[PDB]
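Colleague: Sharing a structure with you now.
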There are 2 protein chains.
Amino acid sequence: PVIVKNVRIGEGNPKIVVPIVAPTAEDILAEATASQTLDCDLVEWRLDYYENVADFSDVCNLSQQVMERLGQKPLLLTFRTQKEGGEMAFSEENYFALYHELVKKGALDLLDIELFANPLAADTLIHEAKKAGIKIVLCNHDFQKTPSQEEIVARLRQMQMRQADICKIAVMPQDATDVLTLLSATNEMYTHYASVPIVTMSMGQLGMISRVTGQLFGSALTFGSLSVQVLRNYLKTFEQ
Amino acid sequence: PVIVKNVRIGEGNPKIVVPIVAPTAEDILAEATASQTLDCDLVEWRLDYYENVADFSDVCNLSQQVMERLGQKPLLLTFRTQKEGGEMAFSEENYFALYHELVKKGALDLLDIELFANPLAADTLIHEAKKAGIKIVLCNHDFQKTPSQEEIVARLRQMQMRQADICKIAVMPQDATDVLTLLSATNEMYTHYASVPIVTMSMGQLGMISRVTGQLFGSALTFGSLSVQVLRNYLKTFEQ
C-alpha cells in the first residue's frame, strides 16, 4: 500500500482522484482551491492542458501555488503525451526536461510517467524523482482499442518491473467483451503478480463500471471529474 | 423480447422486479398495493414464503387479490424450492399441483419453473401455462457456488431449448473471479446463443455489480427489494 499524506493507496476503498484540466493559471488555482471542499482524496493536475507548459519555470512555480491550496491532498502531476490521449504535441526532450525541472524546483507528490516513453531517460528520471520523495506512477493509455487480456497484464507487469510505485493502464472498449477483458486483466494481475498497487479502467460509457469496481477487482485509484460526489457514493454501495 | 402489459423485457434498460416475501396474506396485499408507488416494472410474489401456500385454492384466490392491486404491473409467481434457496420443504407432486391450479384458477403473467424439476411434468405444465397466455421463466439457482462459465451457458441454453420465454440463472460467488465468470457467461450467452431474453445474477455483496450491468452484458431483468429506488438510479447512470 502506497501511503502519501495519510492517504493509503492500495487499501480499503479505491481512492478518488480529481483532474484539473483548465488551461489558464487563474482557473487552475481556483479549481485547486475548490478541491478543498470536494469529496476526493487526491488531485491530478494535467500539464498538457496548461497553456504555458513550455515555460518549465512557470510550471514549477505554478505547481507550488497549486500545492499550497490543496488542503494537504496529494498532488499528482501528469503530462499526458499526444499518442496516449494528450492535448498537445511535445518533443520527447521537452517531455523529460519538464519533468526533471518539476523534480528539482516544483511541488508534487506523485509523478506520472508513460511506460512507453524512452526508458533510459525515464529510468534516470525515476531515480531522481524517488530521491526527492516523489511516488512514481508508470502508466499506459490506449484510447482506440482494448489489447488482449495477456497484453494488459504484461504491460502492468512491465511497469512493476521498472519499479513503479503504482501501475496504471487505461483502455478503450469497443464492445462489452472488451470491458470484461479489462476487468479480468485487472483481477489476474492483482491476484497473481502485483506487489504494488495497480490502477485500471475501461474508458467511455461502456467501461464506466470499471470506475466503481476497484475494490472488487483490485484497482486502487479511480478518476472523477462520473463526478467525484457520485463516485464516493457508488464506491460505498459496492463496498466489500 | 417478451412483451407483457407493455413492459418490453429484453429491450432498453433492465426491467426492475420487486419481490413480495411477506408471510401473511394481509401483508402480501399491503405490499402489492405499495408496489403501485414503487419505482419498479413488475412484481414477483414468492409463494414459498406464504404461510398458507399448501392451501392451493387459498393461493389462487390470494393471487387474484394481489393482481387487482398491481396497477397493471406484470405479476410473476414463484415457488423457489429448498434445494435452490427456497423457504420450505415441499414435495415434487405438490409443486406441480400448486402451479397447475394457479394456471387454471389463479392470476399471473409470468410463471417461474426451475430447469431441474421433473422435466416431463414440467413440460406438460409449460404448455398448459402458455395456452393460458402465461410467459414461462425457466430458471436455476445455486446459492453456494458458481459453476464454470461453460456450465452456466449450457444451463441457459438448455432452458431456451425447453421453450422458455425467459432464461434465468442466479449463482453464488466466493470471490471476484466468480463474479467475472457469471458476467462473462451472460455476455457469451447473449451474444452467441440467445434468441429469447436472459436474466443473470451473481448473488451477495461480491456480485452486486451484476445487478446494475444488465444492459451492458445482456441481462434483461434485475431484482431489488439493492432497493428499487437505488436500482433505477443506478441503471440510468450505467445506461449505454
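Just remember, in the C-alpha cells the first chain shown is A, the second B, etc., residues are 1-based per chain, and ligands are 1-based in the order shown.
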Taking 2 positions as the minimum chain separation for residues in the same chain, which residues sit within 7 Å of segment 199-211 of chain A when counting only C-alpha atoms? Answer as a PyMOL selection string.
Modeller: (chain A and resi 167-173+176+179+182-183+186+197+213-214+219-222) or (chain B and resi 238+240)
Colleague: Please produce chain B as a PDB file with C-alpha atoms, in the first residue's frame once it has been superposed on chain A, the fit using all Cα atoms paired in sequence order.
Modeller:
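Done, and the output landed in superposed.pdb:
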```pdb
ATOM      1  CA  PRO B   1       0.233   0.085  -0.309  1.00  0.00           C
ATOM      2  CA  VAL B   2       1.591   3.520  -1.193  1.00  0.00           C
ATOM      3  CA  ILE B   3       0.995   5.894   1.698  1.00  0.00           C
ATOM      4  CA  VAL B   4       1.110   9.547   0.718  1.00  0.00           C
ATOM      5  CA  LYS B   5      -0.094  12.311   3.084  1.00  0.00           C
ATOM      6  CA  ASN B   6      -2.114   9.668   4.977  1.00  0.00           C
ATOM      7  CA  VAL B   7      -3.895   8.499   1.846  1.00  0.00           C
ATOM      8  CA  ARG B   8      -3.372   4.740   1.885  1.00  0.00           C
ATOM      9  CA  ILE B   9      -3.366   3.815  -1.786  1.00  0.00           C
ATOM     10  CA  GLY B  10      -3.887   0.082  -2.183  1.00  0.00           C
ATOM     11  CA  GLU B  11      -6.052  -0.481   0.923  1.00  0.00           C
ATOM     12  CA  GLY B  12      -9.765  -0.227   1.685  1.00  0.00           C
ATOM     13  CA  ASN B  13     -11.877   1.493  -0.948  1.00  0.00           C
ATOM     14  CA  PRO B  14     -10.469   2.968  -4.202  1.00  0.00           C
ATOM     15  CA  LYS B  15      -9.115   6.480  -3.658  1.00  0.00           C
ATOM     16  CA  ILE B  16     -10.699   9.221  -5.763  1.00  0.00           C
ATOM     17  CA  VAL B  17      -8.625  11.424  -8.080  1.00  0.00           C
ATOM     18  CA  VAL B  18     -10.015  14.698  -9.403  1.00  0.00           C
ATOM     19  CA  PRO B  19      -8.204  16.060 -12.455  1.00  0.00           C
ATOM     20  CA  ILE B  20      -7.457  19.696 -13.086  1.00  0.00           C
ATOM     21  CA  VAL B  21      -7.708  20.301 -16.845  1.00  0.00           C
ATOM     22  CA  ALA B  22      -8.232  24.091 -16.925  1.00  0.00           C
ATOM     23  CA  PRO B  23      -5.950  25.853 -19.458  1.00  0.00           C
ATOM     24  CA  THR B  24      -5.237  29.114 -17.540  1.00  0.00           C
ATOM     25  CA  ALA B  25      -3.231  29.466 -14.325  1.00  0.00           C
ATOM     26  CA  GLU B  26      -6.035  31.557 -12.827  1.00  0.00           C
ATOM     27  CA  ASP B  27      -8.590  28.756 -13.270  1.00  0.00           C
ATOM     28  CA  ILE B  28      -6.075  26.078 -12.305  1.00  0.00           C
ATOM     29  CA  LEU B  29      -5.595  27.815  -8.953  1.00  0.00           C
ATOM     30  CA  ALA B  30      -9.376  28.287  -8.677  1.00  0.00           C
ATOM     31  CA  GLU B  31      -9.914  24.567  -9.159  1.00  0.00           C
ATOM     32  CA  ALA B  32      -7.186  23.632  -6.676  1.00  0.00           C
ATOM     33  CA  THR B  33      -8.879  25.722  -3.999  1.00  0.00           C
ATOM     34  CA  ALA B  34     -12.249  24.234  -5.019  1.00  0.00           C
ATOM     35  CA  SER B  35     -10.877  20.700  -4.433  1.00  0.00           C
ATOM     36  CA  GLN B  36     -10.601  21.552  -0.709  1.00  0.00           C
ATOM     37  CA  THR B  37     -14.378  21.007  -0.465  1.00  0.00           C
ATOM     38  CA  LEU B  38     -14.682  18.275  -3.079  1.00  0.00           C
ATOM     39  CA  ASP B  39     -15.225  14.722  -1.860  1.00  0.00           C
ATOM     40  CA  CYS B  40     -11.935  13.358  -3.235  1.00  0.00           C
ATOM     41  CA  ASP B  41      -8.625  12.042  -1.942  1.00  0.00           C
ATOM     42  CA  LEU B  42      -6.176  13.555  -4.352  1.00  0.00           C
ATOM     43  CA  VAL B  43      -5.715  15.816  -7.344  1.00  0.00           C
ATOM     44  CA  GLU B  44      -4.162  15.250 -10.756  1.00  0.00           C
ATOM     45  CA  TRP B  45      -3.026  18.380 -12.566  1.00  0.00           C
ATOM     46  CA  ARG B  46      -2.972  17.676 -16.287  1.00  0.00           C
ATOM     47  CA  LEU B  47       0.047  19.641 -17.507  1.00  0.00           C
ATOM     48  CA  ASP B  48      -0.720  19.046 -21.195  1.00  0.00           C
ATOM     49  CA  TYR B  49      -3.830  21.209 -20.904  1.00  0.00           C
ATOM     50  CA  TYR B  50      -1.857  24.182 -19.522  1.00  0.00           C
ATOM     51  CA  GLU B  51      -1.292  27.018 -22.017  1.00  0.00           C
ATOM     52  CA  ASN B  52       2.179  27.837 -20.588  1.00  0.00           C
ATOM     53  CA  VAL B  53       3.412  24.257 -20.081  1.00  0.00           C
ATOM     54  CA  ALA B  54       6.372  25.067 -22.354  1.00  0.00           C
ATOM     55  CA  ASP B  55       7.649  27.570 -19.765  1.00  0.00           C
ATOM     56  CA  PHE B  56       9.168  25.078 -17.338  1.00  0.00           C
ATOM     57  CA  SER B  57       9.907  27.651 -14.633  1.00  0.00           C
ATOM     58  CA  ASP B  58       6.343  28.920 -14.857  1.00  0.00           C
ATOM     59  CA  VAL B  59       5.075  25.369 -14.378  1.00  0.00           C
ATOM     60  CA  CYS B  60       7.345  24.762 -11.376  1.00  0.00           C
ATOM     61  CA  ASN B  61       6.092  27.933  -9.677  1.00  0.00           C
ATOM     62  CA  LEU B  62       2.474  27.309 -10.545  1.00  0.00           C
ATOM     63  CA  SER B  63       2.736  23.794  -9.130  1.00  0.00           C
ATOM     64  CA  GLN B  64       3.974  25.383  -5.877  1.00  0.00           C
ATOM     65  CA  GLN B  65       0.898  27.603  -5.783  1.00  0.00           C
ATOM     66  CA  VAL B  66      -1.416  24.686  -6.603  1.00  0.00           C
ATOM     67  CA  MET B  67       0.076  22.684  -3.737  1.00  0.00           C
ATOM     68  CA  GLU B  68      -0.515  25.429  -1.202  1.00  0.00           C
ATOM     69  CA  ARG B  69      -4.233  25.312  -2.068  1.00  0.00           C
ATOM     70  CA  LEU B  70      -4.724  21.512  -1.831  1.00  0.00           C
ATOM     71  CA  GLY B  71      -5.559  21.174   1.880  1.00  0.00           C
ATOM     72  CA  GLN B  72      -2.844  18.506   2.140  1.00  0.00           C
ATOM     73  CA  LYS B  73      -4.277  16.296  -0.608  1.00  0.00           C
ATOM     74  CA  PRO B  74      -1.535  14.505  -2.609  1.00  0.00           C
ATOM     75  CA  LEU B  75      -0.714  16.215  -5.875  1.00  0.00           C
ATOM     76  CA  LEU B  76      -0.200  13.982  -8.883  1.00  0.00           C
ATOM     77  CA  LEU B  77       1.403  15.741 -11.837  1.00  0.00           C
ATOM     78  CA  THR B  78       0.673  14.415 -15.312  1.00  0.00           C
ATOM     79  CA  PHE B  79       1.783  15.285 -18.799  1.00  0.00           C
ATOM     80  CA  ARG B  80      -0.244  12.970 -21.042  1.00  0.00           C
ATOM     81  CA  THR B  81       1.418  12.616 -24.440  1.00  0.00           C
ATOM     82  CA  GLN B  82      -0.536  13.013 -27.665  1.00  0.00           C
ATOM     83  CA  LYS B  83      -0.134   9.364 -28.709  1.00  0.00           C
ATOM     84  CA  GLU B  84      -1.845   8.384 -25.454  1.00  0.00           C
ATOM     85  CA  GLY B  85      -4.753  10.838 -25.543  1.00  0.00           C
ATOM     86  CA  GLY B  86      -2.927  14.009 -24.497  1.00  0.00           C
ATOM     87  CA  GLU B  87      -3.812  17.561 -25.506  1.00  0.00           C
ATOM     88  CA  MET B  88      -0.700  18.697 -27.385  1.00  0.00           C
ATOM     89  CA  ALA B  89       2.302  17.803 -29.509  1.00  0.00           C
ATOM     90  CA  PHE B  90       5.460  17.778 -27.386  1.00  0.00           C
ATOM     91  CA  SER B  91       9.017  16.567 -28.073  1.00  0.00           C
ATOM     92  CA  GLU B  92      10.494  13.671 -26.100  1.00  0.00           C
ATOM     93  CA  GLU B  93      13.291  16.026 -24.981  1.00  0.00           C
ATOM     94  CA  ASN B  94      10.875  18.609 -23.614  1.00  0.00           C
ATOM     95  CA  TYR B  95       8.883  15.878 -21.938  1.00  0.00           C
ATOM     96  CA  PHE B  96      11.880  14.714 -19.875  1.00  0.00           C
ATOM     97  CA  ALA B  97      13.218  18.265 -19.424  1.00  0.00           C
ATOM     98  CA  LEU B  98       9.851  19.405 -17.979  1.00  0.00           C
ATOM     99  CA  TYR B  99       9.670  16.568 -15.454  1.00  0.00           C
ATOM    100  CA  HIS B 100      13.315  17.032 -14.444  1.00  0.00           C
ATOM    101  CA  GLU B 101      12.724  20.695 -13.522  1.00  0.00           C
ATOM    102  CA  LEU B 102       9.588  19.763 -11.604  1.00  0.00           C
ATOM    103  CA  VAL B 103      11.599  17.179  -9.682  1.00  0.00           C
ATOM    104  CA  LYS B 104      14.136  19.889  -8.666  1.00  0.00           C
ATOM    105  CA  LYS B 105      11.998  23.014  -8.284  1.00  0.00           C
ATOM    106  CA  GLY B 106       8.366  21.943  -8.450  1.00  0.00           C
ATOM    107  CA  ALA B 107       5.861  20.737  -5.875  1.00  0.00           C
ATOM    108  CA  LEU B 108       4.312  17.260  -6.374  1.00  0.00           C
ATOM    109  CA  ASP B 109       3.710  14.020  -4.522  1.00  0.00           C
ATOM    110  CA  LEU B 110       3.249  11.590  -7.382  1.00  0.00           C
ATOM    111  CA  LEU B 111       4.702  11.692 -10.871  1.00  0.00           C
ATOM    112  CA  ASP B 112       3.022  10.141 -13.906  1.00  0.00           C
ATOM    113  CA  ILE B 113       5.483   8.556 -16.337  1.00  0.00           C
ATOM    114  CA  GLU B 114       4.336   6.612 -19.393  1.00  0.00           C
ATOM    115  CA  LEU B 115       5.707   3.060 -19.808  1.00  0.00           C
ATOM    116  CA  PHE B 116       6.537   3.559 -23.473  1.00  0.00           C
ATOM    117  CA  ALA B 117       8.580   6.746 -23.173  1.00  0.00           C
ATOM    118  CA  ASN B 118      12.320   6.463 -23.729  1.00  0.00           C
ATOM    119  CA  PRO B 119      13.063   3.995 -20.984  1.00  0.00           C
ATOM    120  CA  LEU B 120      16.713   4.940 -20.369  1.00  0.00           C
ATOM    121  CA  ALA B 121      15.752   8.612 -19.961  1.00  0.00           C
ATOM    122  CA  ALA B 122      12.729   7.446 -18.051  1.00  0.00           C
ATOM    123  CA  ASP B 123      14.706   5.297 -15.604  1.00  0.00           C
ATOM    124  CA  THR B 124      17.163   8.113 -14.854  1.00  0.00           C
ATOM    125  CA  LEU B 125      14.201  10.396 -14.136  1.00  0.00           C
ATOM    126  CA  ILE B 126      12.562   7.772 -11.919  1.00  0.00           C
ATOM    127  CA  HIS B 127      15.527   7.543  -9.518  1.00  0.00           C
ATOM    128  CA  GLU B 128      15.823  11.342  -9.314  1.00  0.00           C
ATOM    129  CA  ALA B 129      12.112  11.688  -8.518  1.00  0.00           C
ATOM    130  CA  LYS B 130      12.285   8.934  -5.874  1.00  0.00           C
ATOM    131  CA  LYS B 131      15.344  10.525  -4.301  1.00  0.00           C
ATOM    132  CA  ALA B 132      13.158  13.623  -3.890  1.00  0.00           C
ATOM    133  CA  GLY B 133      10.522  11.406  -2.230  1.00  0.00           C
ATOM    134  CA  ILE B 134       8.153  11.445  -5.198  1.00  0.00           C
ATOM    135  CA  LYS B 135       5.981   8.358  -5.858  1.00  0.00           C
ATOM    136  CA  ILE B 136       6.157   7.090  -9.436  1.00  0.00           C
ATOM    137  CA  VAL B 137       3.082   6.215 -11.456  1.00  0.00           C
ATOM    138  CA  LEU B 138       4.111   4.246 -14.538  1.00  0.00           C
ATOM    139  CA  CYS B 139       1.228   4.197 -16.979  1.00  0.00           C
ATOM    140  CA  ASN B 140      -0.216   3.295 -20.368  1.00  0.00           C
ATOM    141  CA  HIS B 141      -3.230   4.576 -22.269  1.00  0.00           C
ATOM    142  CA  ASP B 142      -4.874   3.195 -25.374  1.00  0.00           C
ATOM    143  CA  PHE B 143      -7.711   5.538 -26.345  1.00  0.00           C
ATOM    144  CA  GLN B 144      -8.839   3.618 -29.418  1.00  0.00           C
ATOM    145  CA  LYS B 145      -8.826  -0.110 -28.496  1.00  0.00           C
ATOM    146  CA  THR B 146      -8.470  -2.765 -25.826  1.00  0.00           C
ATOM    147  CA  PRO B 147      -5.388  -5.049 -26.122  1.00  0.00           C
ATOM    148  CA  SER B 148      -5.680  -8.736 -25.154  1.00  0.00           C
ATOM    149  CA  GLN B 149      -6.052  -9.648 -21.471  1.00  0.00           C
ATOM    150  CA  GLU B 150      -2.520 -11.087 -21.543  1.00  0.00           C
ATOM    151  CA  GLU B 151      -1.002  -7.906 -23.015  1.00  0.00           C
ATOM    152  CA  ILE B 152      -2.706  -5.671 -20.441  1.00  0.00           C
ATOM    153  CA  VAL B 153      -1.311  -7.914 -17.708  1.00  0.00           C
ATOM    154  CA  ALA B 154       2.106  -7.959 -19.414  1.00  0.00           C
ATOM    155  CA  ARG B 155       2.156  -4.154 -19.564  1.00  0.00           C
ATOM    156  CA  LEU B 156       1.171  -3.956 -15.910  1.00  0.00           C
ATOM    157  CA  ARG B 157       3.906  -6.444 -15.025  1.00  0.00           C
ATOM    158  CA  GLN B 158       6.468  -4.507 -17.084  1.00  0.00           C
ATOM    159  CA  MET B 159       5.553  -1.326 -15.191  1.00  0.00           C
ATOM    160  CA  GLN B 160       6.137  -3.084 -11.880  1.00  0.00           C
ATOM    161  CA  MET B 161       9.501  -4.434 -13.155  1.00  0.00           C
ATOM    162  CA  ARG B 162      10.610  -0.877 -13.930  1.00  0.00           C
ATOM    163  CA  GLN B 163      10.165  -0.072 -10.206  1.00  0.00           C
ATOM    164  CA  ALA B 164       6.813   1.777 -10.421  1.00  0.00           C
ATOM    165  CA  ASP B 165       5.214   2.690  -7.112  1.00  0.00           C
ATOM    166  CA  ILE B 166       1.842   2.454  -8.840  1.00  0.00           C
ATOM    167  CA  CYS B 167       0.940   0.724 -12.133  1.00  0.00           C
ATOM    168  CA  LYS B 168      -1.792   2.199 -14.291  1.00  0.00           C
ATOM    169  CA  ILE B 169      -3.458   1.347 -17.575  1.00  0.00           C
ATOM    170  CA  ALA B 170      -6.476   2.816 -19.343  1.00  0.00           C
ATOM    171  CA  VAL B 171      -7.907   1.098 -22.423  1.00  0.00           C
ATOM    172  CA  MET B 172     -10.787   1.857 -24.808  1.00  0.00           C
ATOM    173  CA  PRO B 173     -13.626  -0.678 -25.126  1.00  0.00           C
ATOM    174  CA  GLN B 174     -15.489  -1.090 -28.383  1.00  0.00           C
ATOM    175  CA  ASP B 175     -17.995  -3.563 -26.889  1.00  0.00           C
ATOM    176  CA  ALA B 176     -18.963  -5.336 -23.637  1.00  0.00           C
ATOM    177  CA  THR B 177     -16.420  -8.093 -24.178  1.00  0.00           C
ATOM    178  CA  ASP B 178     -13.638  -5.493 -24.054  1.00  0.00           C
ATOM    179  CA  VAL B 179     -14.781  -4.238 -20.647  1.00  0.00           C
ATOM    180  CA  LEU B 180     -14.677  -7.773 -19.232  1.00  0.00           C
ATOM    181  CA  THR B 181     -11.213  -8.206 -20.724  1.00  0.00           C
ATOM    182  CA  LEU B 182     -10.020  -5.159 -18.763  1.00  0.00           C
ATOM    183  CA  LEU B 183     -11.817  -6.194 -15.574  1.00  0.00           C
ATOM    184  CA  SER B 184     -10.340  -9.718 -15.909  1.00  0.00           C
ATOM    185  CA  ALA B 185      -6.864  -8.392 -16.639  1.00  0.00           C
ATOM    186  CA  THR B 186      -7.172  -6.298 -13.468  1.00  0.00           C
ATOM    187  CA  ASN B 187      -8.226  -9.288 -11.375  1.00  0.00           C
ATOM    188  CA  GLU B 188      -5.452 -11.528 -12.714  1.00  0.00           C
ATOM    189  CA  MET B 189      -2.721  -8.903 -12.240  1.00  0.00           C
ATOM    190  CA  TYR B 190      -3.885  -8.155  -8.720  1.00  0.00           C
ATOM    191  CA  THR B 191      -4.218 -11.734  -7.578  1.00  0.00           C
ATOM    192  CA  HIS B 192      -1.186 -13.362  -9.229  1.00  0.00           C
ATOM    193  CA  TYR B 193       1.539 -10.759  -9.966  1.00  0.00           C
ATOM    194  CA  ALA B 194       0.930  -7.482  -8.124  1.00  0.00           C
ATOM    195  CA  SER B 195       3.162  -6.467  -5.243  1.00  0.00           C
ATOM    196  CA  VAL B 196       2.451  -2.770  -5.674  1.00  0.00           C
ATOM    197  CA  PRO B 197      -0.911  -1.020  -6.162  1.00  0.00           C
ATOM    198  CA  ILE B 198      -2.436  -1.097  -9.637  1.00  0.00           C
ATOM    199  CA  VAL B 199      -4.924   1.221 -11.318  1.00  0.00           C
ATOM    200  CA  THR B 200      -7.066   0.129 -14.251  1.00  0.00           C
ATOM    201  CA  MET B 201      -9.949   1.451 -16.265  1.00  0.00           C
ATOM    202  CA  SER B 202     -12.035   0.824 -19.329  1.00  0.00           C
ATOM    203  CA  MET B 203     -12.784   4.221 -20.890  1.00  0.00           C
ATOM    204  CA  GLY B 204     -16.064   5.685 -22.152  1.00  0.00           C
ATOM    205  CA  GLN B 205     -19.694   4.935 -21.379  1.00  0.00           C
ATOM    206  CA  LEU B 206     -19.236   1.177 -21.956  1.00  0.00           C
ATOM    207  CA  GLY B 207     -16.471   0.810 -19.355  1.00  0.00           C
ATOM    208  CA  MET B 208     -18.000   3.104 -16.718  1.00  0.00           C
ATOM    209  CA  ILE B 209     -18.494   0.160 -14.316  1.00  0.00           C
ATOM    210  CA  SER B 210     -14.728  -0.319 -14.042  1.00  0.00           C
ATOM    211  CA  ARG B 211     -14.619   3.062 -12.287  1.00  0.00           C
ATOM    212  CA  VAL B 212     -16.659   1.819  -9.312  1.00  0.00           C
ATOM    213  CA  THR B 213     -15.428  -1.786  -9.072  1.00  0.00           C
ATOM    214  CA  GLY B 214     -11.863  -1.134  -7.899  1.00  0.00           C
ATOM    215  CA  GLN B 215     -12.284  -2.768  -4.511  1.00  0.00           C
ATOM    216  CA  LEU B 216     -13.741  -5.949  -6.009  1.00  0.00           C
ATOM    217  CA  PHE B 217     -11.166  -6.487  -8.802  1.00  0.00           C
ATOM    218  CA  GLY B 218      -8.057  -4.761  -7.412  1.00  0.00           C
ATOM    219  CA  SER B 219      -7.948  -1.231  -8.869  1.00  0.00           C
ATOM    220  CA  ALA B 220      -6.532   1.200  -6.269  1.00  0.00           C
ATOM    221  CA  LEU B 221      -7.475   4.543  -7.862  1.00  0.00           C
ATOM    222  CA  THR B 222     -10.485   5.867  -9.750  1.00  0.00           C
ATOM    223  CA  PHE B 223     -10.789   9.219 -11.507  1.00  0.00           C
ATOM    224  CA  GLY B 224     -13.834  11.491 -11.395  1.00  0.00           C
ATOM    225  CA  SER B 225     -14.362  14.933 -12.926  1.00  0.00           C
ATOM    226  CA  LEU B 226     -18.616  10.218 -13.160  1.00  0.00           C
ATOM    227  CA  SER B 227     -18.383  13.262 -10.865  1.00  0.00           C
ATOM    228  CA  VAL B 228     -16.546  12.992  -7.540  1.00  0.00           C
ATOM    229  CA  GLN B 229     -19.801  13.313  -5.562  1.00  0.00           C
ATOM    230  CA  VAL B 230     -21.440  10.369  -7.353  1.00  0.00           C
ATOM    231  CA  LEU B 231     -18.264   8.304  -7.310  1.00  0.00           C
ATOM    232  CA  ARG B 232     -17.811   8.115  -3.562  1.00  0.00           C
ATOM    233  CA  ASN B 233     -21.494   7.280  -3.065  1.00  0.00           C
ATOM    234  CA  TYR B 234     -21.156   4.533  -5.677  1.00  0.00           C
ATOM    235  CA  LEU B 235     -17.965   3.154  -4.133  1.00  0.00           C
ATOM    236  CA  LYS B 236     -19.700   2.832  -0.758  1.00  0.00           C
ATOM    237  CA  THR B 237     -22.663   1.000  -2.318  1.00  0.00           C
ATOM    238  CA  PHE B 238     -20.455  -1.686  -3.917  1.00  0.00           C
ATOM    239  CA  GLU B 239     -17.993  -1.825  -1.023  1.00  0.00           C
ATOM    240  CA  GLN B 240     -17.026  -5.348   0.064  1.00  0.00           C
TER     241      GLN B 240
END
```
Colleague: Which of segment 15-77 of chain A end up as helix (DSSP H, G or I) when DSSP is run on this backbone - answer as a PyMOL selection string?
Modeller: chain A and resi 25-37+47-49+56-68
Colleague: Convert the current residue selection to file output with N, CA and C atoms, as a compact mmCIF listing (two decimals), in the first residue's frame.
Modeller:
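Wrote selection_26.txt, looks like this:
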```txt
# COMPACT_ATOMS: atom_id res chain seq x y z
N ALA A 25 -3.81 29.72 -15.78
CA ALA A 25 -3.24 29.61 -14.44
C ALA A 25 -4.28 29.94 -13.40
N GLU A 26 -4.99 31.03 -13.65
CA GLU A 26 -6.00 31.56 -12.75
C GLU A 26 -7.12 30.56 -12.46
N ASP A 27 -7.55 29.85 -13.49
CA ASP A 27 -8.57 28.82 -13.32
C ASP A 27 -7.99 27.56 -12.69
N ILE A 28 -6.71 27.30 -12.91
CA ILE A 28 -6.05 26.14 -12.30
C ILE A 28 -5.97 26.32 -10.79
N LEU A 29 -5.61 27.52 -10.34
CA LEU A 29 -5.58 27.82 -8.91
C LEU A 29 -6.98 27.78 -8.30
N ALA A 30 -7.98 28.33 -8.99
CA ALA A 30 -9.34 28.30 -8.46
C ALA A 30 -9.81 26.86 -8.22
N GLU A 31 -9.59 26.00 -9.21
CA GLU A 31 -10.04 24.62 -9.13
C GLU A 31 -9.24 23.84 -8.07
N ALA A 32 -8.03 24.28 -7.80
CA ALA A 32 -7.23 23.70 -6.73
C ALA A 32 -7.87 24.04 -5.40
N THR A 33 -8.19 25.32 -5.24
CA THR A 33 -8.85 25.77 -4.03
C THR A 33 -10.19 25.06 -3.87
N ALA A 34 -10.93 24.91 -4.97
CA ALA A 34 -12.21 24.22 -4.94
C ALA A 34 -12.08 22.76 -4.48
N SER A 35 -10.96 22.10 -4.78
CA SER A 35 -10.78 20.70 -4.38
C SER A 35 -10.86 20.53 -2.85
N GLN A 36 -10.63 21.61 -2.12
CA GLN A 36 -10.63 21.54 -0.66
C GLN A 36 -11.99 21.19 -0.08
N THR A 37 -13.04 21.42 -0.86
CA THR A 37 -14.38 21.07 -0.43
C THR A 37 -15.02 20.04 -1.36
N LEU A 47 -0.88 18.63 -17.01
CA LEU A 47 0.06 19.61 -17.56
C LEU A 47 -0.17 19.94 -19.02
N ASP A 48 -0.59 18.93 -19.79
CA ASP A 48 -0.66 19.08 -21.24
C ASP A 48 -1.84 19.97 -21.64
N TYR A 49 -2.70 20.32 -20.68
CA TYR A 49 -3.73 21.33 -20.90
C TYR A 49 -3.21 22.75 -20.63
N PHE A 56 9.00 25.98 -18.35
CA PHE A 56 9.14 24.98 -17.30
C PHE A 56 9.22 25.61 -15.91
N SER A 57 9.71 26.84 -15.83
CA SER A 57 9.82 27.56 -14.56
C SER A 57 8.48 28.10 -14.10
N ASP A 58 7.70 28.56 -15.06
CA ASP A 58 6.33 28.96 -14.81
C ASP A 58 5.56 27.78 -14.25
N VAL A 59 5.78 26.60 -14.84
CA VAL A 59 5.08 25.41 -14.40
C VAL A 59 5.51 25.02 -12.98
N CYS A 60 6.81 25.08 -12.69
CA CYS A 60 7.30 24.75 -11.35
C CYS A 60 6.68 25.67 -10.29
N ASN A 61 6.65 26.96 -10.58
CA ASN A 61 6.10 27.96 -9.66
C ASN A 61 4.61 27.78 -9.48
N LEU A 62 3.92 27.60 -10.60
CA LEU A 62 2.51 27.35 -10.55
C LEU A 62 2.24 26.09 -9.72
N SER A 63 3.12 25.10 -9.82
CA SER A 63 2.91 23.85 -9.08
C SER A 63 2.98 24.12 -7.57
N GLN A 64 3.81 25.09 -7.19
CA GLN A 64 3.93 25.49 -5.79
C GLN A 64 2.64 26.11 -5.26
N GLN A 65 2.07 27.03 -6.04
CA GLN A 65 0.81 27.69 -5.70
C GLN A 65 -0.40 26.74 -5.68
N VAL A 66 -0.37 25.73 -6.54
CA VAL A 66 -1.40 24.70 -6.56
C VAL A 66 -1.34 23.87 -5.28
N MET A 67 -0.13 23.43 -4.93
CA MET A 67 0.08 22.65 -3.70
C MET A 67 -0.38 23.39 -2.44
N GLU A 68 -0.10 24.69 -2.38
CA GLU A 68 -0.45 25.48 -1.20
C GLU A 68 -1.94 25.50 -0.94
```
Colleague: Just list as a PyMOL selection string whatever in segment 83-233 of chain B DSSP marks as strand (DSSP E or B).
Modeller: chain B and resi 110-114+135-141+166-171+198-202+219+221-223
